[PDB]
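# Tertiary structure, described
For reference, the chains in residue letters:
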Amino acid sequence: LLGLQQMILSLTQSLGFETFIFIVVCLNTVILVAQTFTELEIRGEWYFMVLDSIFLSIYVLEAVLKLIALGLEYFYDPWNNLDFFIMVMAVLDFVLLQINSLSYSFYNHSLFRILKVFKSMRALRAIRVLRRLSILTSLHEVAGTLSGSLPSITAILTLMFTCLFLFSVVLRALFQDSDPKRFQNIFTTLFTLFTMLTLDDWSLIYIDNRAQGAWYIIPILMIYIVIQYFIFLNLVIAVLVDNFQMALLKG
Amino acid sequence: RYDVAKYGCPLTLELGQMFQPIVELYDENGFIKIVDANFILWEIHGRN
Amino acid sequence: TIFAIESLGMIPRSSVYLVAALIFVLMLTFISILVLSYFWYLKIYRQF
Amino acid sequence: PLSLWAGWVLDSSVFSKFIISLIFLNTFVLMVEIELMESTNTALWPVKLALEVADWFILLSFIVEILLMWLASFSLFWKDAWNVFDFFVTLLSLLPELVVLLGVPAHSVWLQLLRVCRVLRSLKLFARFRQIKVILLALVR
Amino acid sequence: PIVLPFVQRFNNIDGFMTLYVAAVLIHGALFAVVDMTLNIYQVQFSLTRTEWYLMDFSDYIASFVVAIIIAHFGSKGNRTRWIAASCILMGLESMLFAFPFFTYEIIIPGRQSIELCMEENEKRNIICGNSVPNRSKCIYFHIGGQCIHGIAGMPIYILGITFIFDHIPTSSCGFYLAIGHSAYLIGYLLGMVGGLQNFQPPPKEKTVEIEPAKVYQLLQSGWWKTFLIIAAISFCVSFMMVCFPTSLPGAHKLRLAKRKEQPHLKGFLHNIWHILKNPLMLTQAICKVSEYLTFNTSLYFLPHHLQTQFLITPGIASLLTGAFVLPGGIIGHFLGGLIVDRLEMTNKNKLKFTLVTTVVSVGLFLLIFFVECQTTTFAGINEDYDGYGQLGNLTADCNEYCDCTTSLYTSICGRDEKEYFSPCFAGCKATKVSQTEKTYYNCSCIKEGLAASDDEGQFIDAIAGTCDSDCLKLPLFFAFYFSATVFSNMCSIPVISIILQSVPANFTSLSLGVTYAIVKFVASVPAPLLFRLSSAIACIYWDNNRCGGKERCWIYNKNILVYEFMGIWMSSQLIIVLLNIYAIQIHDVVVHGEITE
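Summing up its helical and strand segments, chain E has 18 helices and six strands in all. Once the C-alpha set of chain E is aligned to its principal axes, its extents read approximately 90 × 55 × 45 Å. Across the 597 residues of chain E, 45% fall into the buried class. Of the accessible surface of chain E, which amounts to about 31,400 Å², a share of 65% is contributed by carbon and sulfur atoms. Averaging the coordinates of the 39 positive side-chain charges in chain E and doing the same for the 43 negative ones gives two points 13 Å apart.

Below is the structure:
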């Protein structure tokens, strides 16, 4: 009914959205925190996935009501875009389970874990839509002051990423045919760089590299570690301290 | 000149693999036992 | 005893000239682009 | 010509877009070639070689870049700000061609250090944002 | 009563150029098919090379005798109707060429000549030459087809460009010339690709001697299929532009905008006198003649050069020449047109630009010669077969046993790096083939050899074809040929743009044809004689044992051919450079006289 249907949808959306969405997503988060709970799923596994599919049907009804709803400004909310993506993945996995047959592997495959973390995203969305009331103003102000200095921390993490990529490149270049079994590829190289970055067994790296024949890589590793460590942590600590400090200087 | 009458059928080994030259003792009717001693391998003409 | 090994190696074609052709092709395309920009700028430098 | 041509090619947005595109394409291609230099994919072997020779073509693009730099103040540019460091890094990045044409790199090649030097120059000559610039100024002070 | 907007949009200049592009495309495809069809007809249908040169010359002399006449006729009449007549004659020509390949496919088959050859004898299947009868009729058909091909195609290339000159502004004349030349080039590519995708044998290439008879049927069937479709397309396009109006609306609008702000023999003589009086036209004509000479020499010589130096199969060498002379050529033509169109490019600067392009092309040819001085793997010509026999020992008992003919000898590669001509002469009485490779078994006339080889089910299997260990010069040579083709196609567009400037609008119709009469007569007629003389200078060692009157050589002197052909090309390019350096001063003098500032 065009704009008339839109205004009816606005009023009845306020009323019914409040009542129904709050009650059914409260029950959804109840059954979903009962679901994960890796002791009670053996006291279950048969009343769990059926209620999971029932409340996924409730969620696809939510997305249907939002699709027949006002439309373009609905997409202008990033949380609503996350709803749309989550529901696209939900109808995808629901029809994938529904068609059966198939020709690929199943019985708790990696794709099943992808659907499980999609269910985790759905649970997080349920949690975020039950906190419309009483987020508490103290932590609201704390988070608002925390999120004030976004460009500074994004620039600092960009510098971290560039420095870490450079260090990984030079280390993998210097670790060729030097028992690279721990860092034979790019993922393991960046993970080992993360371990050096996070004070995790770099002394062990020194002691099992001393068992090897190369030594200068150890001064190279400590000098890179200390410069990136001191520079990054001093930068972030100082930046966030001053970021809350000018808000302290106000009321 | 290689051949088979005094050099045998050559191996058709692929890219770098691991081979242990292991030899057994045989006489008259058939094989006796597996040989364990101390070997030396050497090329016919000479390489390094 | 006798035994021979013929292992397959990892010596491929150098292919240095096959890609030197690509080097020369890219260099000539870059020179042609530079010449075209040269002619365009001699057309549009009398305005200044 | 000469310095006027350098000013024009620095003013033109097409040349800047082309050189930054070549820079990030070279950085992305650089780590791919070190992953596999074997016969795992026979159909991908000549094209991976052509990608390495495309990297050699980026080195020749650095040659024409220092040629455009000769159109600048020339002898005055030998002692300057971080641009002379960029010039030195580009010279060190042209060095591997010379040390593979005549050096017979079955030795302590040290091509990796020059490679990471040209990477760090490429990771700094990426049209750094102002938010990066203010915090870098704060860091240097 | 066709007053639809489709008609009102098809009479636009773009409506004419789309049709002209299609016509030039199908003409190029037809000519590309026809050239290789005539070549393989001479190869297969038991004739000589002289007759091949004869009906190759027939097309050229038909173009020469039709160019001036059709230019004079189109200077006084409607160009569209003459274009329609030429297209209809072309559509007749395609079917006239198709007809012998379907009517007379019983001339020389492998075994179908039941009257004089029996299946139980092998010597009788290659004698009793009944193929010589019923061949002169095909010669007459081919010579008539080449004549009507010239008479139908040359007026198209005259009158379409004349319409471009007289109905398009000079800002798009270069673009239309470039896209027309590119359409001709891509027709030359497409016809060659389509002809070689069907003339080449099916994947069952290595079967019993019924395979040459199957290929004999298949090539004729492919030509009969292709020429009929070409004729149908030509007839449909002719019917399409017959419907085009004589008085174009866009041309009338342009003539109205430009209006503001008898072809007697005496007029012909006055025009000829004006062309001869201005040496600019003479210089451009000789430059175009030399450019066409160099282009034709390179196109005829490159497959032979690849065959004799880089050890390539002549069909594969011809494919490498044809499919790689195109990407340089079309890009060079497009760039040459677009520079003049975008930059509003002037006459004196056109001369300067042509001189610069010619200088860099000369330098590139010099670099090609410097690369050609490098050494390569040598096959044959090893100063007698290792002391066992002389040059002339090819007719041995191993030649006589398996009945080899010295006109189809190829090069087999021994495992001891020695290449031997005539793989059946190597003593191999057993021939077991695989799906993807030919090889010869049980060779007895070969030397000791047998170095490494490789086989699974048996052994002693000499691989077929020419083996190469150093063939990396070919990509560099192909890149240099790319650049040479780019800069060779880049010079003709400014020359043709110069042609329009010195001629008034009404007299522009003859200006192409006056040049074009020099294209086919002064250039294309004496060129093959010089090519044959240079080849015979290089091909000293003819097969005098069987061929007789120089029908097939074996030793193509690599250094001699390279030196002679590069000397000829450098002489032509230096002639072009000298003509351009004369014309620059001549045009400067004429401009100063007409300006007198």
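Still to come is the rest of the account.
Take the overall build of chain B next. When helices and strands are tallied, chain B shows zero helices and two strands. Dimensions along the principal axes, computed over C-alpha positions, put chain B at roughly 35 × 25 × 25 Å. Buried residues in chain B amount to 6% of all 48 residues. Surface exposure of chain B reaches about 5,000 Å², of which carbon and sulfur atoms provide 58%. Positive and negative charge centroids in chain B, built from 4 and 7 side chains respectively, lie 11 Å apart.

Looking now at the UniProt feature "disulfide bond" in chain E. All names here are of chain E. Measuring from sulfur to sulfur, the annotated disulfide partners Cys404 and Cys424 are 2.0 Å apart, close enough to count as bonded by the 2.5 Å criterion. Here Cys424 lies in the loop between strand 2 (419–421) and strand 3 (439–441) and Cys404 lies in the loop between helix 13 (397–401) and strand 1 (411–413), a separation of 20 residues in the sequence. Each member of the pair, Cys404 together with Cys424, is buried. Structure remark: disulfide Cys413/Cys445 (UniProt) not confirmed, S-S 18 Å. You can see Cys413 is positioned in strand 1. Positionally, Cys445 belongs in the loop between strand 3 and strand 4 (461–463).

Taken together, the side chains of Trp46, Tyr47, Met49, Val50, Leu51 and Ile54 of chain A define a hydrophobic patch exposed on the protein surface, amounting to about 660 Å² of accessible area. By the element assignment, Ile54 of chain A lies in helix 2 (residues 49–67).

Looking now at the state of the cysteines. Residue and element names in this part refer to chain E. Across all of its chains, the model carries four disulfides over all chains by this definition. The residue that forms a disulfide with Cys398 is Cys445, at a sulfur-sulfur distance of 2.0 Å. Handedness of the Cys398-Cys445 disulfide follows from its S-S torsion of about -95°: it is left-handed. Placement of the pair is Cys398 in helix 13 and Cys445 in the loop between strand 3 and strand 4, with a sequence separation of 47 residues. In this structure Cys398 comes out as buried when scored by relative accessible area, which is 4%. Exposure remark for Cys445: the relative accessible area of 22% places this residue in the partly exposed category. Through a disulfide, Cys428 is tied to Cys443; the S-S separation comes to 2.0 Å.

Once that is clear, we can look at the interface of chain A and chain D. Interface size is commonly expressed as the accessible area that is lost once the parts come together. Taken together, the contacts link 15 residues of chain A with twelve residues of chain D. Taking both sides of the interface into account, the surface hidden between chain A and chain D amounts to around 1,200 Å²; carbon and sulfur atoms contribute 85%. Area buried by chain A at its contact with chain D is led by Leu166, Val169 and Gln176 of chain A, which between them contribute 31% of it. One can count zero salt bridges joining chain A with chain D. Listing elements by their share of the side of chain A that touches chain D, those giving two or more residues are helix 6 (150–174) and helix 9 (217–249) of chain A. Considering each element in turn, the side of chain A that touches chain D owes the most residues, eleven residues, to helix 6 of chain A. In terms of residue class, the side of chain A that touches chain D is made up of eleven nonpolar, four polar and no charged.

What follows concerns the environment of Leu22 of chain C. All names here are of chain C. Mapped onto the elements, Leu22 comes out in helix 1 (residues 16–44). For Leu22, a relative accessible area of 39% translates into the label partly exposed. Residues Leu22 and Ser32, ten residues apart in the sequence, show an inter-C-alpha distance of 15 Å.

Relative to the 22 Å expected for 16 residues at 1.5 Å per residue, helix 16 (residues 508–523) of chain E spans 23 Å between its end C-alpha atoms, a close match to the ideal helical length. Among the 16 residues in helix 16 of chain E, 13 count as buried, and that is most of the element.

Moving on: the interface of chain C and chain D. On the side of chain D, eleven residues touch chain C, which itself brings 13 residues to the contact. Taken over both partners, the interface formed by chain C and chain D buries close to 1,300 Å², and the fraction arising from carbon and sulfur atoms is 89%. Viewed at the interface, chain D and chain C are joined by zero salt bridges. Summed over the shared surface of chain C and chain D, the result is zero residue pairs in polar contact.

All names here are of chain E. Summed over the entire model, instances satisfying the criterion amount to ten salt bridges over all chains. Here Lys123 makes a salt bridge to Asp403, at a shortest N to O gap of 3.8 Å. A relative accessible area of 45% means that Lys123 is categorised as partly exposed. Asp386 is the partner of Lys418 in a salt bridge, and the nearest nitrogen-oxygen pair spans 2.8 Å. Of this pair, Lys418 sits in the loop between strand 1 and strand 2 while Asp386 sits in the loop between helix 12 (347–372) and helix 13; the two residues are 32 residues apart in sequence, bridging distant segments of the chain. Of the residues examined, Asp386 reaches a relative accessible area of 36% and is grouped as partly exposed.

Turning to the arrangement of the chains, a few remarks are in order. For the five pairs of chains in contact, the largest share of contacts goes to chains A and D. What separates chain A from chain E at the closest point of their C-alpha atoms is a distance of 32 Å, and the two make no contact. At the level of C-alpha atoms, the two units chain D and chain E stay apart, their nearest approach being 13 Å.

A separate point is the packing of aromatic side chains. Residue and element names in this part refer to chain E. Evaluation of the coordinates by the stated rule reveals 52 aromatic pairs over all chains. Plain terms: the ring middles of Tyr157 and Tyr184 are 5.8 Å apart, the flat faces sit at 70° to each other, and that makes the pair edge-to-face. Of this pair, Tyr157 sits in helix 5 (residues 136–167) while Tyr184 sits in helix 6 (residues 170–199); the two residues are 27 residues apart in sequence, bridging distant segments of the chain. Given a relative accessible area of 17%, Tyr157 falls into the buried group.

Bringing the pairing of strand 1 (residues 24–27) of chain B into the picture now. Residue and element names in this part refer to chain B. Bridging between strand 1 and strand 2 (residues 30–34) involves four bridges; their strand directions are antiparallel. Bridged to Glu24 within strand 2 is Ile34. The turn joining strand 1 and strand 2, which pair antiparallel and follow one another in sequence, is formed by two residues; a positive phi near 50° is taken by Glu28.

For the rest of this paragraph, the subject is the nonpolar core. Residues and elements named next belong to chain E. Grouped together as the largest cluster of nonpolar side chains are 57 residues, with contacts concentrated most on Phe165 and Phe227. Counting residues per element, the ones that place at least two in this core are helix 2 (13–44), helix 3 (49–76), helix 4 (79–103), helix 5, helix 6, helix 7 (210–242), helix 15 (492–501) and helix 16. For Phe227, the residues in contact, after removing those within four places along its chain, are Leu30, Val33, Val34, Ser94, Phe97 and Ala98. Residues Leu326, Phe365, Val371 and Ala538 belong to the second largest nonpolar core, which totals 38 residues.

Bringing the environment of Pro494 of chain E into the picture now. All names here are of chain E. One can find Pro494 in helix 15. Residue class for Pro494 comes out buried when judged on its relative accessible area of 2%. When the C-alpha atoms of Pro494 and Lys288 are compared, they prove to be 11 Å apart, with 206 residues separating the residues in sequence. Residues within four places of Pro494 in sequence aside, it is in contact with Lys350, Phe353 and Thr354.

Cut-offs used in this document
Residues numbered from 1 in each chain as written, not as in the entry; some residues may be left out. Chains lettered and ligands numbered in written order. Part of a larger assembly, values for the part shown. Heavy atoms only, no water. Helix = DSSP H or I, 4+ residues; strand = E, 2+ residues; numbered from the N terminus. Buried < 20%, exposed > 50% of the residue type's maximum accessible area, 1.4 Å probe, protein only. Areas by Shrake-Rupley, 256 points an atom, 1.4 Å probe, with all protein chains shown as cover. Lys, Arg positive; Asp, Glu negative; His and termini not counted. Charge placed at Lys NZ, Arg CZ, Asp CG, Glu CD. Disulfide = S-S within 2.5 Å. UniProt positions renumbered as here; feature names shortened; annotations may be inferred. Patch = residues over 30% accessible without salt bridge, like charges linked within 9 Å, V, L, I, M, F, W, Y side chains within 5 Å. Salt bridge = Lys/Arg side-chain N within 4 Å of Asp/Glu carboxyl O. Contact = heavy atoms within 4.5 Å. Buried area = accessible area lost by both parts, 1.4 Å probe. Nonpolar A, V, L, I, M, F, W, Y, C, P; charged D, E, K, R; others polar. Expected span 1.5 Å × (residues − 1). Polar contact = N/O pair within 3.5 Å; in protein donor to acceptor, adjacent residues only side chain to side chain. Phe/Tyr/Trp six-rings, centres within 6.5 Å; stacked < 30°, edge-to-face > 60°. Pairing = 2+ DSSP bridges. Core = buried A, V, L, I, M, F, W, Y, C linked by side-chain atoms within 4.5 Å.

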